[PDB]
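Undergrad: I would like to see how this sequence folds:
(2 chains, ligands or ions: 8)
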2 protein chains.
Amino acid sequence: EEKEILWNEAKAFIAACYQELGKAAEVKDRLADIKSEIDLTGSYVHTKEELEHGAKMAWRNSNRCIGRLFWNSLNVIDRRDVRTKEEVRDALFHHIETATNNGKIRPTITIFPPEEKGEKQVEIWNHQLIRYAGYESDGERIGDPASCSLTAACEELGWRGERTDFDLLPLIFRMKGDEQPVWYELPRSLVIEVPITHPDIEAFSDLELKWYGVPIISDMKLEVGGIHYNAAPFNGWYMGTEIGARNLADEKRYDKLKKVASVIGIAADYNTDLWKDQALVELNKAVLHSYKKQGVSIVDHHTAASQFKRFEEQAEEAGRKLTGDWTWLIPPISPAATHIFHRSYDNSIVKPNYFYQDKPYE
Amino acid sequence: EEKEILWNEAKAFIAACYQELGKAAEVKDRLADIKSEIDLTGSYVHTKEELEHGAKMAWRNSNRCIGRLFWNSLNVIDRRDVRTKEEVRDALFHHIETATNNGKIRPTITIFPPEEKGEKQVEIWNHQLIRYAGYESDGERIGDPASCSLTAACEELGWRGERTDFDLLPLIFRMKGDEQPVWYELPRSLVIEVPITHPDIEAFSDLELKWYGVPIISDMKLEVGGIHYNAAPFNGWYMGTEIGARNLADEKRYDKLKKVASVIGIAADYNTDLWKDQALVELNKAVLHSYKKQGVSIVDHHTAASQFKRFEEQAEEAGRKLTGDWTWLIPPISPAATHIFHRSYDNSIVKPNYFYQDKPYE
Ligand code: HEM
Ligand code: HEM
Ligand SMILES: N=C(Nc1cccc(CO[C@@H](CN)COCc2cccc(/N=C(/N)c3cccs3)c2)c1)c1cccs1
Ligand SMILES: N=C(Nc1cccc(CO[C@@H](CN)COCc2cccc(/N=C(/N)c3cccs3)c2)c1)c1cccs1
Ligand SMILES: C[C@H](O)[C@H](O)[C@H]1CNc2nc(N)[nH]c(=O)c2N1
Ligand SMILES: C[C@H](O)[C@H](O)[C@H]1CNc2nc(N)[nH]c(=O)c2N1
Ligand SMILES: [Cl-]
Ligand SMILES: [Cl-]
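TA: Numbers count the residues shown, from 1 in each chain, chains lettered A, B, ... in the order given. Ligands and ions are numbered 1, 2, ... in the order given. Okay, here it is:
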């Protein structure tokens, strides 16, 4: 059964992929090769062309992503050759360095050996390669609450955070055959961070806010033609609202709106004053200003939705069905000011794609 | 078949309604009476108790409405006795007067005779009882574009608008047996309007914006126990974002954000400045300020979502399933600042309920 699933997924993927690459005449022979390989080994190996186009198709098919206009320019790094934890560490360090590109962010994915029979070869524990620790004791929170459980697991492995609000978590991953993950501190020279200041309000620096430059999602499974790449970290650049309307604003994250209200000089006393809305706008202006001033890539939500509109037009022109998740594509501020809010999207799942998988901790 | 549908819908409604009213022992005899009445007449007549509770249940079941906490205090006016167009006009004038209540808005529904065999007795053409006309010629728009088609139809019936940006449309409705609807100008003494000013920015009055006090939806069908009340206008009060983030802001409505930007003294040149977001916040603060200053009821979106949270808790406490449409319940500004954004809702349709119906014009 598992073997039949693989072959059916393989057939669909190779046909579509080779059609897109103008290789339709080669499908028959490639599918023959594959069936034999599956018959003998219980699996098959993608060509570098298949793996690269597959990762790009997976991005193109991600219903929740507003940044898909740029799917075809994804930089795919093939690391299916790694066998040791030093090689994984160095590959993850390299990804950070080349994706960061001195601030001019390059969308990149590094692809590690895939699952064999559901057995992982490399298991990454981080949610993002660069993220801040979170702590709770004594009732008072320090850092990013979304990182509380992983931070606690790292402190079970001999690591200790300084307990600032912005401790960088170490890389943490497990190799097939090892019982415990290993961890490595991130070299600070690799990690660009951006201090948050406001273009007009000098007091805004009093909040001492910062965020990291490059979001690199490292806990999703890339599925391509029935092959499960559970370890394939990827990055784009931030849309500013992710930082300003969610990471720094959510009550269960950094919860900064009352402090923002205070430094911008407005009362935070009455719902009818819309002080939360006003604070959210100024915090989001500060995030965009600060990234731009630092020379780190970022996109505002209006420009992002305009880009997504072009992606919709591109799909229609290419004769491709468009899929999307309206509830995630709308930005969390001024959503009715974007075209997204005023149309609907088919939320069907199409493969290749990126999928959630169970956490190894918790 | 139609008759079977009616009986099945009647059974479900009477059982549930009488259960809620502590009248469970009367269900059997009432259902007997009903089946006979259906058998003889092809229909049945609600008691005043059934009609009143039915309208309230219909509101409670409206998935898209954030204001449902107050469903049980709906003021139901029974006008199933009307037979003439003068009686309909006077009933609609009365609804406006008693719902408006000098600014302290009372949620109210007036219920007219229902469809008989799909044949309407009274057919209301207005989308809302109080709404502004819209015109397009010469390329330039005047008034509310959402009213363009109905305004054109009214001008086919001998009415003529002054072509200001805020012309009040007349009431327009058709009686069973008449080929054309009749129209009646609204007495201005019945219509409260609110000029839009800003609490801190004096220049805001230069925009000369206003909106009407009471939104009274008059084109939906109330369905209760298989009976179709196609004419049953209802009103609550506004949530401020409806006016400030949509009616005055949408590009296909009054499209005022660039003018707002100008009077609040910010540039409207760069997406990264978030000038649309800032303009939206100040316009929405002005709307809430102006309604409050005029003594007209209105709710801000933060308070409304807090009320909706209580509605969710009330349902769970009463053992009632909650249904909702996430895509409409989230407010169009700062939606992630409300609890609504962070949970999900079952969008199942439950009756009694309010439904769209085909327009008689267009
Ligand atoms: C180039 C810049 C990019 C931008 C501005 C962008 C923007 C976004 C945003 C704003 C989200 C919503 C995230 C959230 O609210 O937590 C998102 C989701 C997503 N993006 Fe993109 N994205 C970009 C590139 C990429 C790349 C390169 C990939 C993969 C190759 C990717 C795959 C996804 C996926 C899978 C999700 C869904 C995550 C989930 O369900 O939790 N995106 N994107
Ligand atoms: C008491 C104050 C009320 C408030 C603040 C309120 C709030 C709202 C809001 C903001 C919407 C979304 C409208 C839009 O975006 O166009 C809505 C939808 C709705 N409300 Fe309420 N509402 C209230 C009372 C009522 C009443 C009294 C009824 C009926 C008896 C009602 C039935 C509905 C229905 C049917 C919709 C959906 C309209 C559609 O699908 O187009 N509401 N409500
Ligand atoms: N653990 C799960 N999933 C899960 C649980 C909680 C949260 C999440 C994801 O949380 C998101 C909340 N906003 C955060 O996602 C971060 C993200 C994802 C994609 C793009 C993001 N932003 C960017 N611009 C980019 C990052 C990388 C490329 S572009 C950020 C996932 C599971 C569910 C079922 C089985 S496992
Ligand atoms: N014509 C249709 N429906 C339709 C078409 C276009 C638009 C609409 C409704 O437009 C809404 C856009 N936001 C406007 O609804 C106005 C509204 C509805 C409910 C509550 C509203 N606000 C309030 N606070 C209240 C008004 C009355 C009680 S509370 C406003 C409905 C049909 C579809 C299928 C068959 S007919
Ligand atoms: C396509 C989309 O569902 C549509 O534009 C909806 C979105 N959510 C909404 N929500 C409310 N409250 N009112 C609306 O008119 C809309 N428009
Ligand atoms: C319940 C709801 O679907 C959930 O909170 C979603 C809403 N839309 C979202 N949209 C984005 N882009 N990111 C998110 O984390 C969420 N959260
Ligand atoms: Cl993030
Ligand atoms: Cl309205």
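Undergrad: can you pull the contacts of the one residue in the stretch 151-300 of chain A that gets nearest to ligand 4?
TA: When distances are taken as C-beta to the nearest ligand atom, the stretch 151-300 of chain A reaches nearest to ligand 4 at residue A:272, 16.4 Å away. To be clear about C-beta, it is placed using only N, CA and C from the backbone, and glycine gets the same treatment. Residue A:272 makes contact with B:288, B:289, B:292, B:300, B:303, according to C-beta atoms under 8 Å, 6 or more residues apart in numbering or on different chains.
Undergrad: Tell me, how many residues neighbour the closest residue to the last one other than its chain neighbours?
TA: Distances taken as C-beta to C-beta, 6 or more residues apart in numbering or on different chains put residue A:271 closest to residue B:303, at 4.8 Å, once the chain neighbours are dropped. Other residues within reach of residue A:271, judged by other C-beta atoms under 10 Å in any protein chain shown, total 16.
Undergrad: is it true that residue A:271 touches residue B:304?
TA: No: counting by C-beta atoms under 8 Å, residue A:271 sits too far from residue B:304 to count as a contact (9.2 Å).
Undergrad: give me the number of residues near the closest residue to ligand 5 within chain A?
TA: Ligand 5 sits closest to residue A:342 of chain A, with a gap of 4.2 Å, by C-beta to the nearest ligand atom. Counted with other C-beta under 10 Å, the neighbours of residue A:342 add up to 11.
Undergrad: What residues does it make contact with?
TA: Contacts of residue A:342 by C-beta under 8 Å, 6+ apart are residue A:336.
Undergrad: Which single residue of chain A ends up nearest ligand 3?
TA: Closest point on chain A to ligand 3, by C-beta to the nearest ligand atom, is residue A:236, at 3.2 Å.
Undergrad: Show me the domain layout of chain A.
TA: Domain assignment for chain A by curated CATH domains gives A:1-80+A:107-117+A:221-235+A:305-329, A:81-106+A:121-192+A:356-360, A:193-215+A:238-303.
Undergrad: which stretches of chain A form helices?
TA: A:2-20, A:27-41, A:48-60, A:85-100, A:148-154, A:240-241, A:257-263, A:275-294, A:301-318, A:326-329 (DSSP state H).
Undergrad: Could you double-check that residue A:141 lies in contact with residue A:134?
TA: Yes: counting by C-beta under 8 Å, residue A:141 touches residue A:134, with 7.2 Å between them.
Undergrad: Those two: which is more packed in?
TA: The neighbour comparison of residue A:141 against residue A:134 (other C-beta under 10 Å) goes to residue A:134, with 23 against 16.
Undergrad: how near is residue A:77 to residue A:352?
TA: 17 Å (C-beta to C-beta, to the nearest Å).
Undergrad: Can you pick out the residue with more neighbours from these two?
TA: Ranked by neighbour count (other C-beta under 10 Å), residue A:77 and residue A:352 place residue A:352 first, with 26 against 18.
Undergrad: if I read this right, the more buried one contacts residue A:224, doesn't it?
TA: Yes: using C-beta under 8 Å, residue A:352 is in contact with residue A:224, at 4.4 Å.
Undergrad: any residues in contact with both of those two?
TA: A:13, A:54, A:55, A:57, A:58.
Undergrad: Around the third one, count how many other residues there are.
TA: The one in question is residue A:55. So residue A:55, with other C-beta under 10 Å, has 26 neighbours.
Undergrad: ok, now residue A:108?
TA: Neighbour tally, residue A:108, other C-beta under 10 Å: 22.
Undergrad: Residue A:265 too?
TA: 8.
Undergrad: What residue in the stretch 51-200 of chain A comes nearest to ligand 4?
TA: For the stretch 51-200 of chain A, C-beta to the nearest ligand atom, closest residue to ligand 4: residue A:66, 23.2 Å.
Undergrad: swap in chain A?
TA: residue A:336 (9.8 Å).
Undergrad: Test my guess that that residue contacts residue B:248.
TA: No: in this structure, residue A:336 is not within contact of residue B:248 by C-beta under 8 Å, at 11.8 Å.
Undergrad: Tell me which of those two has more neighbours.
TA: residue B:248 (25 against 18).
Undergrad: quick one, what contacts the residue minimising distance to the centre of chain A?
TA: Chain A has residue A:217 as the residue nearest its centroid, 3.3 Å off, counting by C-alpha atoms, centre = their mean. Residue A:217 is in contact with A:127, A:128, A:233, A:234, A:235, counting by C-beta under 8 Å, 6+ apart.
Undergrad: rewinding a little: which of the contacts of residue A:272 sit farthest apart?
TA: B:289 and B:303 (14.6 Å; C-beta to C-beta).
Undergrad: Compare these two and say which one has the larger neighbour count.
TA: More neighbours surround residue B:289 than the other of residue B:289 and residue B:303, with 21 against 16 (other C-beta under 10 Å).
Undergrad: nearest spatial neighbour of that one, skipping sequence neighbours?
TA: Nearest to residue B:289 is residue B:199, by C-beta to C-beta, 6+ apart, at 4.6 Å.
Undergrad: and the one you found, how many neighbours?
TA: When neighbours are counted by other C-beta under 10 Å, residue B:199 comes out with 14.
Undergrad: now do residue A:168
TA: Neighbours around residue A:168, by other C-beta under 10 Å: 18.
Undergrad: Let me see the contact set for it.
TA: Neighbours of residue A:168 in contact, by C-beta under 8 Å, 6+ apart: A:130, A:131, A:132, A:133, A:185, A:186, A:188, A:191, A:212.
Undergrad: Kindly report the same for residue A:135.
TA: A:141, A:142, A:143, A:148, A:151, A:161, A:163.
Undergrad: returning to what we had before: quick check: the residue of the stretch 51-200 of chain A closest to ligand 4 touching residue A:238?
TA: No: using C-beta under 8 Å, residue A:66 makes no contact with residue A:238, being 11.6 Å away.
Undergrad: which residue ranges form the strands in the stretch 151-300 of chain A?
TA: For the stretch 151-300 of chain A, applying DSSP state E, counting those that start in this stretch gives strands covering A:171-175, A:182-184, A:193-195, A:210-212, A:216-217, A:221-224, A:227-229, A:234-235, A:238-239, A:298-299.
Undergrad: Work out the sheet partners of the third one and label each with its direction, please.
TA: This means strand A:193-195. Note on strand A:193-195: by DSSP bridges, its sheet partners are strand A:210-212 (antiparallel).
Undergrad: tell me how far the strand it pairs with is from the chain's mean position?
TA: 16 Å (C-alpha atoms, centre = their mean, to the nearest Å).
Undergrad: and what of stretch A:34-49?
TA: 29 Å.
Undergrad: With stretch A:265-280 instead?
TA: 32 Å.
Undergrad: Residue numbers of chain A in contact with ligand 1?
TA: A:59, A:62, A:64-67, A:70, A:74, A:107, A:109, A:234, A:236-237, A:239, A:242, A:299, A:304, A:328, A:354 (C-beta under 6 Å from any ligand atom).
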